[PDB]
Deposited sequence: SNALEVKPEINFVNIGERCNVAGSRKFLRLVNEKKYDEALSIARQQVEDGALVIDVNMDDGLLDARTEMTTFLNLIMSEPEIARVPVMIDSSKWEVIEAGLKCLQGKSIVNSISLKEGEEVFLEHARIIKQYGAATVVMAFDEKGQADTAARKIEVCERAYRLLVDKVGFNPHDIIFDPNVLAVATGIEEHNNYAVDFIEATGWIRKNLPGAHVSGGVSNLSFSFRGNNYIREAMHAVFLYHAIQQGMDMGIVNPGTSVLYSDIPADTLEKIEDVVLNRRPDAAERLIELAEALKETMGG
């Protein structure tokens, strides 16, 4: 965990009901405290996401980023500009004075669009997350994740002249234990793609949205945090070097052995009734 960058997840209106209310009510001082607390808890990057139908995302993004820059305790770490809308990202870039990180670009809309965005990002001197998503869809399997990332690396480095050290691949952290058997290997697929990327795509980082993994256990916060700790323990060993996380938790070492076995059975897909057994533990705890 010495070489792991924690990206604070909490300034995200779709990911935090509190953050959404604060922004909507214009309590920007309080919203900014959430950023500050994450920096105090070790976050070295702050993810900001204003995408909600109640909000003018672009304007909230520029307001919040400008406010961050006014607060030395927060402006000392980079901001990750998190939007599905390009106009929001570009407002964020124009707005920020220091290096920022785009979250994200992908091949979803085709190669010409990807290249155009990458070129704008490079002109701003920004780093970028690249989602493992191409013209064929979201990369779910390890093979798909590797296919999209290798192609994206090649395009970025060879056609855009993009600095490889400024590329952050997100091979997609997807929920497990969903009741759909086709999802059971999703953490293992991520971990496998992570290993390949760090061995084969020189200089590129690997990150992921860790909290998405545990979506099936909403309302069992211990189980979610235990899942996160287990996933990070195995992903970091393959070279995951960043992650979007709630930086405020449960340590891998502290998980009782029989509980660990159940969490690892799910995360590492070690038996087909793993989800069922973990759901049983989760019900007993609440």
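Visitor: If I number the deposited sequence starting at 1, which residue ranges have no C-alpha coordinates at all?
Guide: No coordinates exist for the deposited residues in 1 to 8, 257, 296 to 300, so these stretches are absent from the model.
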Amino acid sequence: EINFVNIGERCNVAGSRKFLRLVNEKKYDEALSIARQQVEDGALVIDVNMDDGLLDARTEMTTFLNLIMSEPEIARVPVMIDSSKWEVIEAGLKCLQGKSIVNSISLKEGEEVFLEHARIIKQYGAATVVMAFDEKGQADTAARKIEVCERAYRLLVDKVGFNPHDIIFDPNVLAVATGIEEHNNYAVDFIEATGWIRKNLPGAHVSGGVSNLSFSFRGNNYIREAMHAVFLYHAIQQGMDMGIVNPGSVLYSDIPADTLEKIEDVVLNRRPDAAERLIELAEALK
From here on, numbers count along this sequence of modelled residues.
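Visitor: When the C-alpha temperature factors are averaged for each of 180 to 188 and 90 to 98, which stretch ends up with the higher value in the entry?
Guide: Here the higher of the two C-alpha B-factor means belongs to 90 to 98.
Visitor: Tell me which stretch has the larger mean Cα B-factor in this entry, 249 to 257 or 59 to 67.
Guide: Stretch with the higher mean C-alpha B-factor: 249 to 257.
Visitor: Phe231: which third of its chain by C-alpha temperature factor?
Guide: According to the entry, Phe231 has a C-alpha B-factor in the chain's lowest third.
Visitor: Could you say whether, by C-alpha temperature factor, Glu276 belongs to the lowest, middle or highest third of its chain?
Guide: Highest third, going by the recorded CA B-factors of the chain.
Visitor: Which third, lowest, middle or highest, does the C-alpha temperature factor of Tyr28 belong to within its own chain?
Guide: According to the entry, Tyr28 has a C-alpha B-factor in the chain's lowest third.
Visitor: Sorting the chain's CA B-factors, does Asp82 end up in the lowest, middle or highest third?
Guide: It falls in the middle third of the chain.
Visitor: Considering only modelled residues of the same chain, in which third does the CA B-factor of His165 rank: lowest, middle or highest?
Guide: For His165, the deposited C-alpha B-factor lands in the middle third.
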